[PDB]
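Going down the list, the sequences are from chains A and B.
Per this note's numbering, the very first residue in the first sequence carries number 9; after that it's consecutive.
Per this note's numbering, the very first residue in the second sequence carries number -5; after that it's consecutive.
Beta carbons: idealized from backbone N, C-alpha and C, even for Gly.
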Amino acid sequence: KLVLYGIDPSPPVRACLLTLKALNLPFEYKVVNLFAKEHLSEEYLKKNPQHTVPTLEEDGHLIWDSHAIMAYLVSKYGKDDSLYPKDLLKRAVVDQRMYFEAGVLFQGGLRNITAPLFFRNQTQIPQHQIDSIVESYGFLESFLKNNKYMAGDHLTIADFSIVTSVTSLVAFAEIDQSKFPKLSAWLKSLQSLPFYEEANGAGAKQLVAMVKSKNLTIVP
Amino acid sequence: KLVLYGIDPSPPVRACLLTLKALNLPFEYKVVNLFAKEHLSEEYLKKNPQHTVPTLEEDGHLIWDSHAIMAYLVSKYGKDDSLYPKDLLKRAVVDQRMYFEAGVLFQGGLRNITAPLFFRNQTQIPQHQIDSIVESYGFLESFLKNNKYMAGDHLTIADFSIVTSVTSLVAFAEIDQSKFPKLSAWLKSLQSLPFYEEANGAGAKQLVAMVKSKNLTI
Ligand SMILES: N[C@@H](CCC(=O)N[C@@H](CS)C(=O)NCC(=O)O)C(=O)O
Ligand SMILES: N[C@@H](CCC(=O)N[C@@H](CS)C(=O)NCC(=O)O)C(=O)O
């Protein structure tokens, strides 16, 4: 019986949700309230010493990091390899896109703001940070230059990982459709998935709301 | 025919160099000098629109990101899977450690200080960024609780990835051996591979010297 530990404002938890729904997998969900420091409990640290969400539990085994989890799920459960191609050159693109999300989008763009924001009430955001988010939208627009989805011609876990961060980063910088038409189209396409709302949309809305309620300032 | 594009001070370049050497693969090393903005030319942007190093070229096909390159090299060229185990659960640990390196160590620890430093000449490092680095050492210490290497009982590309970052982070935050004994032992187990200096040491030192010449303060 799969168990996912998380809370839905979290982008990587949402990426796992997307992927479990895409694989038509049932699972138990255990909420870990980061705002009440539940991830810092002795019990949770034994599951995941990095004290992050998501964690996946399967027959006693604990796996963390959304990208590891997503790859594991497709590899283990996928009817075929559509969501995570076995072809090594294809896999290298999916992998690259996910490492891009981990580093550039999630740490560099999002957590770089949200950690001081919710922890230290740092409500002033330097323009150079917003510039970096917009630079990353540009990189995503480049990724899509000759492909319908982030890593090629079909939907993969790279799309799921990337969309979770993109739909959070828009709390700080909107995506200019005139600059980033492909990124814009791609997002609407992901938004069309039957499981999109339940896996990503719901949590994204709650995170965007939390951010908006903090009344941020961009400093030139 | 393998070509690696990079510069030695870059940790993810060094991770690829460590892996190439471990697999004993011939390659051409094309220097792309970030300080001369060689990564921003039309030619390089065609290879990698992210304008990062490393980039790997294999018979004309281009791939980038150290972690993706390392997984690709072991998968394609490894005589066996020891450096990147095929077992899904074992792979999941290797994968997680590499994503940790990408986000927490490299972006959150290293590039967080080196971008302001090299782009904005910010030589004053907020004490809390050093703390965060030390916290990351602590996470690495935990990863080593029941295992001699980062992802289990043998050397993997997770070790290569993490060493490159750790050796760069040392430039800002010394490792206290009384707090992180397992990490300290682990780092010696890497510093000892016969190909360590040529693949990681040289460029790690160069980055240290660049960092030192900037005369930092906390
Ligand atoms: N690379 C990890 C990132 C996980 C992460 O940083 N999650 C945040 C929530 S969005 C978290 O658990 N923060 C609490 C903490 O780090 O203490 C993944 O992809 O799962
Ligand atoms: N996730 C990438 C990170 C690559 C990266 O950020 N490399 C730096 C050098 S250490 C770089 O190319 N900086 C130049 C730039 O980003 O413009 C990887 O693992 O290869």
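Where residue i sits in the DSSP three-state scheme
i                 : result
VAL39 (chain A)   : strand
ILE170 (chain A)  : helix
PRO228 (chain A)  : coil
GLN132 (chain A)  : strand
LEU83 (chain B)   : helix
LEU(-2) (chain B) : strand
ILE138 (chain A)  : helix
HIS75 (chain A)   : helix
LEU50 (chain B)   : strand
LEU70 (chain A)   : strand
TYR66 (chain B)   : helix
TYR71 (chain B)   : helix
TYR78 (chain B)   : coil
Same chain, Cβ closer than 8 Å to residue i, five either side skipped, listed in chain order
i                : result
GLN200 (chain B) : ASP2 and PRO3
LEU56 (chain B)  : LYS41, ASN42, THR49 and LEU50
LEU19 (chain B)  : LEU(-4), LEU67 and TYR71
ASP161 (chain A) : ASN155
Cβ neighbours of residue i in the same chain (closer than 6 Å, five flanking residues each side left out)
i                : result
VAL205 (chain B) : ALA165
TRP58 (chain B)  : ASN42 and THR49
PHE35 (chain A)  : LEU10, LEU12 and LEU28
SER60 (chain B)  : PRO6, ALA9, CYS10 and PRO48
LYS94 (chain A)  : none
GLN185 (chain A) : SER192
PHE94 (chain B)  : none
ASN129 (chain A) : none
C-alpha gap between residue i and residue j, whole angstroms
i                     : j                : result
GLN118 (chain B)      : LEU111 (chain B) : 9 Å
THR175 (chain A)      : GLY211 (chain A) : 10 Å
residue 214 (chain B) : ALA217 (chain A) : Chain B is shown from -5 up to 212; residue 214 (chain B) falls before or after that span and cannot be answered.
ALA86 (chain B)       : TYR80 (chain A)  : 6 Å
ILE226 (chain A)      : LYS31 (chain B)  : 29 Å
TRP180 (chain B)      : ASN140 (chain B) : 12 Å
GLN121 (chain B)      : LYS142 (chain B) : 31 Å
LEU17 (chain B)       : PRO228 (chain A) : 49 Å
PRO5 (chain B)        : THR46 (chain B)  : 12 Å
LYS38 (chain A)       : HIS47 (chain A)  : 12 Å
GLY195 (chain B)      : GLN58 (chain A)  : 28 Å
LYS84 (chain B)       : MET144 (chain B) : 11 Å
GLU51 (chain A)       : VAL40 (chain A)  : 11 Å
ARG105 (chain B)      : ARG119 (chain A) : 14 Å
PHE127 (chain A)      : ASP88 (chain A)  : 43 Å
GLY0 (chain B)        : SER49 (chain A)  : 42 Å
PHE43 (chain A)       : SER140 (chain A) : 27 Å
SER221 (chain A)      : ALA123 (chain A) : 15 Å
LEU39 (chain B)       : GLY54 (chain B)  : 15 Å
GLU143 (chain A)      : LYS196 (chain A) : 20 Å
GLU191 (chain B)      : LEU201 (chain A) : 50 Å
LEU163 (chain B)      : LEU177 (chain A) : 28 Å
Pair within 7 Å by beta-carbon distance, residue i and residue j
i                 : j                : result
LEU77 (chain B)   : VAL68 (chain B)  : yes
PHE168 (chain A)  : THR27 (chain A)  : yes
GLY103 (chain B)  : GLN115 (chain A) : no
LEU(-4) (chain B) : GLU52 (chain B)  : yes
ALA110 (chain A)  : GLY97 (chain B)  : yes
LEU163 (chain A)  : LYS190 (chain A) : no
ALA166 (chain A)  : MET106 (chain A) : yes
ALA62 (chain B)   : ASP103 (chain A) : yes
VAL157 (chain B)  : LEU134 (chain B) : no
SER159 (chain B)  : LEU99 (chain B)  : yes
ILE121 (chain A)  : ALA181 (chain A) : no
Check: residue i C-beta below 6 Å from any heavy atom of ligand 2
i                : result
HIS75 (chain A)  : no
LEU28 (chain B)  : yes
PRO79 (chain B)  : no
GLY111 (chain A) : yes
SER4 (chain B)   : yes
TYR107 (chain A) : yes
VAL47 (chain B)  : yes
Contacting residues, own chain, Cβ-Cβ under 7 Å from residue i (five flanking each side not counted)
i                : result
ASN223 (chain A) : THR131
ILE183 (chain A) : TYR145, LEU191 and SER192
Residue i Cβ short of 6 Å to ligand 1 heavy atom set
i                : result
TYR131 (chain B) : no
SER176 (chain A) : no
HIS122 (chain B) : no
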